[PDB]
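Here the structure comes first, spelled out in structure tokens, and everything after it is commentary.
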Amino acid sequence: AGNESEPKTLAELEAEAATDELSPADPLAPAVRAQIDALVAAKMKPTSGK
Amino acid sequence: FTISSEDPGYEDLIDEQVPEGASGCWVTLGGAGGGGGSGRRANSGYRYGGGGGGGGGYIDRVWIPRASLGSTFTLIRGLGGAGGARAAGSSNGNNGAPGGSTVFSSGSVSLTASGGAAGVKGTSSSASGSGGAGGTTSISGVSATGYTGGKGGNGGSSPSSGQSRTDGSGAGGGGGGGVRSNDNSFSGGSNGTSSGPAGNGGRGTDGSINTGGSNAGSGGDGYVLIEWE
């Protein structure tokens, strides 16, 4: 018939609606990082015919 | 002000800021040399020498304006490639390690002077002991100019001297000598002359008696020089 309840909040339903924490990972060292970035930059639009 | 690899107590700089109010910079870069390879040790049979390492590439003294730079930069300087060790017995040698690549980048710009490649292991095989390729230059965001490093020399069944380079890039190392099966030893080649600040490739080392031989030469360290206005 189109009859609707009040909007019950998930806190009132005692439901634990929280997102997972961002899963950490140990990165490659900073020197390796910028060498990879320089390798990728040599394959992309502003470099000559790339 | 200017910073160079020549400055005592210099360190590797990752994401340091471009200096406050500085109008731009002039950059100069050289790659590191590759380490040489080592030859077979034995009492008997053919004993070929390991290859020489390649020299580093070089990018010449070129300007960038602060409008083309980003807020931060990198200035990685190549470390010299380690030379191939002894056979540790009556067996084949070792490869070198490649030289570290030298890298500048900031914002839209990257400038890279690659390290020279390792000299290959010597074996019982006449085709063994190949010399390393010289380091190539990569450029982006500014119309800079640079030069490729010199070839490292083959050892193997025809030992050779490394390619000399005055043209801002680094020279290659020479290849190792050796010994035949039924006859006495045969000579290696020399390292090339150079004047580029990029690192020279290390010499290979000789195929030799089961007690003899040496470690191959290291490549030289690369170079960074940047002037801020």
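The way I read the labels, and the way they are meant: chains A, B, ... in the order of the structure tokens, residue 1 as the first residue of every chain, and ligand 1 as the first ligand shown, with later ones counted on from there.
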Please check the contacts: residues of chain A at most 12 Å away from chain B, using only C-alpha atoms, listed as number ranges by chain. A: 29-50
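The shell of residues at most 12 Å from residue 187 (chain B), with only C-alpha atoms counted and near chain neighbours (fewer than 5 positions) removed, consists of residues 48, 49, 155, 156, 157, 158, 159, 160, 161, 174, 175, 176, 177, 178, 179, 180, 204, 205, 206, 207 and 208 of chain B.
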Could you give me the residues within region 89-124 of chain B that DSSP places in strand (DSSP E or B), as a compact mmCIF listing (two decimals) with N, CA and C atoms, in the first residue's frame?
```txt
# COMPACT_ATOMS: atom_id res chain seq x y z
N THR B 102 71.67 6.00 -12.48
CA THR B 102 71.60 7.35 -11.90
C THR B 102 70.35 8.04 -12.41
N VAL B 103 69.54 8.61 -11.51
CA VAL B 103 68.21 9.15 -11.84
C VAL B 103 68.01 10.53 -11.22
N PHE B 104 67.59 11.49 -12.03
CA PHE B 104 66.95 12.71 -11.60
C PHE B 104 65.51 12.73 -12.07
N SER B 105 64.57 13.11 -11.22
CA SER B 105 63.25 13.49 -11.69
C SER B 105 62.58 14.46 -10.75
N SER B 106 61.68 15.27 -11.30
CA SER B 106 60.86 16.23 -10.58
C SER B 106 59.72 16.69 -11.48
N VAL B 109 59.48 16.30 -15.48
CA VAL B 109 60.83 16.00 -15.98
C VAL B 109 61.42 14.74 -15.35
N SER B 110 62.01 13.87 -16.17
CA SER B 110 62.93 12.84 -15.71
C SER B 110 64.15 12.76 -16.61
N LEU B 111 65.32 12.58 -16.01
CA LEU B 111 66.59 12.43 -16.68
C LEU B 111 67.33 11.26 -16.03
N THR B 112 67.75 10.29 -16.83
CA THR B 112 68.32 9.04 -16.32
C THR B 112 69.55 8.67 -17.11
N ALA B 113 70.64 8.38 -16.41
CA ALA B 113 71.86 7.85 -16.97
C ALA B 113 72.06 6.42 -16.43
```
Could you check the closest approach to residue 23 (chain B) for each of B:67, B:225, B:79, B:87 and tell me which residue wins, using only C-alpha atoms? B:67
Please, which residues of chain A, numbered as in this document, come out helix (DSSP H, G or I) from DSSP, as a PyMOL selection string? chain A and resi 30-41
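Taking CA of residue 37 (chain B) and CA of residue 59 (chain B) as endpoints, the distance between them is 27.2 Å.
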Residue 71 (chain B): which residues within 9 Å, counting only C-alpha atoms, same-chain residues fewer than 2 positions away excluded, as JSON, numbers by chain? {"B": [15, 16, 17, 18, 19, 66, 69, 73, 106, 107]}
Can those selected residues be exported to a file as a PDB file, in the first residue's frame so that it contains C-alpha atoms?
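File written: part.pdb
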```
ATOM      1  CA  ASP B  15      61.540  13.570  -2.366  1.00  0.00           C
ATOM      2  CA  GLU B  16      63.561  16.537  -1.074  1.00  0.00           C
ATOM      3  CA  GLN B  17      61.809  19.841  -1.933  1.00  0.00           C
ATOM      4  CA  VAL B  18      62.963  22.158  -4.733  1.00  0.00           C
ATOM      5  CA  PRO B  19      64.627  25.118  -2.934  1.00  0.00           C
ATOM      6  CA  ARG B  66      60.944  26.039 -11.769  1.00  0.00           C
ATOM      7  CA  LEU B  69      60.076  21.195 -12.051  1.00  0.00           C
ATOM      8  CA  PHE B  73      62.897  15.772  -6.613  1.00  0.00           C
ATOM      9  CA  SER B 106      60.857  16.232 -10.578  1.00  0.00           C
ATOM     10  CA  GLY B 107      57.299  16.985 -11.782  1.00  0.00           C
TER      11      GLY B 107
END
```
If we count only C-alpha atoms and set the cut-off at 8 Å, which residues sit around residue 86 (chain B), ignoring sequence neighbours fewer than 5 positions away in its own chain? Please answer as a PyMOL selection string. chain B and resi 38+93-94+213-215
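Put simply, CA of residue 133 (chain B) is 18.9 Å away from CA of residue 223 (chain B).
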Interatomic distance (Å, one decimal) between CA of residue 54 (chain B) and CA of residue 118 (chain B): 6.6 Å
